[PDB]
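Chemist: In our numbering, the protein residues as written are 256 to 407.
My structure is below; once you've seen it, I'll send some questions.
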Amino acid sequence: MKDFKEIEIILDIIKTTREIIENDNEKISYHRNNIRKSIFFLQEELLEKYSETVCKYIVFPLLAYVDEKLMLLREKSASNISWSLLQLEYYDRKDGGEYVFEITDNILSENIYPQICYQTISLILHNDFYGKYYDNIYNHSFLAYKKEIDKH
Ligand SMILES: [Br-]
Ligand SMILES: [Br-]
């Protein structure tokens, strides 16, 4: 039952996202608000156990996943979608499509990390996080990251 409560929160965010995705700017704003409440509890709970770096490794990719799906909806949507980046509000950077795979390199290189690090990456990747690979999901490194992460 390792970090079960954290996992549920990450699932919930994935849900609040995949739902925003299947709507006007007052709905979006309410769900974003929920997401931010869920992030607050996720951080508070992880930081009782884990260093700041480990907490970031688990929460940044989830934010980058949410940002990516929202930016894509905002690209493909009939209505005007407004979305300030979560990854930027929380972690002061906006290069998530690259930095997630930098995180993934790190957790894959050293066998020091809690299992939730790998599960969080596995989840966003099973939910079609592409990041820097958006233009071509046939990329061999992209497929290797998936294979290697699930092997954990
Ligand atoms: Br949520
Ligand atoms: Br590339």
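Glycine is no exception: its CB is placed at the ideal position from the N, C-alpha and C atoms.
At which residues does the alpha helix (DSSP H) containing residue 361 begin and terminate?
Modeler: For the purposes of this step, residue 361 is identified with residue 106 of the sequence shown, where counting begins at 1. Residue range 351 to 364 is occupied by the alpha helix (DSSP H) that includes residue 361.
Chemist: Say the cut is 8 Å; is the CB of residue 271 nearer than that to a heavy atom of ligand 1?
Modeler: Position 16 of the sequence shown, counted from the start, is the residue given in the question as residue 271. True, at least one ligand heavy atom lies under 8 Å from that Cβ.
Chemist: Can you find the residues in the same chain that come closer than 7 Å, C-beta to C-beta, to residue 321, ignoring five residues on each side of it along the sequence?
Modeler: Looking up residue 321 in the sequence shown gives position 66. Once the five neighbours on either side are set aside, the close Cβ partners of residue 321 are 268, 272, 290 and 341.
Chemist: Expressed to the nearest angstrom, what Euclidean distance is found between the alpha-carbon atoms of residue 378 and residue 265?
Modeler: Along the sequence shown, read from residue 1 onward, the residue named residue 378 stands at position 123. Along the sequence shown, read from residue 1 onward, the residue named residue 265 stands at position 10. Each residue's alpha carbon lies about 9 Å from the other.
Chemist: Taking the CB atoms as reference points, tell me whether residue 388 and residue 312 lie closer together than 9 Å.
Modeler: Here the question's residue 388 lines up with position 133 in the sequence shown. Here the question's residue 312 lines up with position 57 in the sequence shown. Result no, Cβ atoms of residue 388 and residue 312 do not sit closer than 9 Å.
Chemist: Counting along the chain, where does the alpha helix (DSSP H) carrying residue 283 start and finish?
Modeler: Along the sequence shown, read from residue 1 onward, the residue named residue 283 stands at position 28. Its alpha helix (DSSP H) spans residues 282 to 304.
Chemist: Is DSSP giving residue 346 helix, strand or coil here?
Modeler: On the sequence shown, residue 346 is found 91 positions in, with the first residue counted as 1. The answer is helix: DSSP assigns residue 346 an H, G or I state.
Chemist: Under the three-state reduction of DSSP, which class applies to residue 316: helix, strand or coil?
Modeler: Numbered from 1 along the sequence shown, position 61 holds the residue referred to as residue 316. Three-state result, residue 316: helix.
Chemist: Could you compute how far the alpha carbon of residue 353 sits from the alpha carbon of residue 325?
Modeler: Numbered from 1 along the sequence shown, position 98 holds the residue referred to as residue 353. Numbered from 1 along the sequence shown, position 70 holds the residue referred to as residue 325. So the alpha carbons of these two residues sit roughly 17 Å apart.
Chemist: Could you check how far apart the C-beta atoms of residue 403 and residue 343 are, in whole angstroms? I think they sit under 8 Å.
Modeler: Taking the first residue of the sequence shown as position 1, residue 403 is located at position 148. Taking the first residue of the sequence shown as position 1, residue 343 is located at position 88. So it is not a contact: roughly 28 Å between Cβ atoms.
Chemist: Given 8 Å as the limit, tell me if residue 387 has its C-beta closer than that to any heavy atom belonging to ligand 2.
Modeler: Position 132 of the sequence shown holds residue 387. Within the cutoff, so yes.
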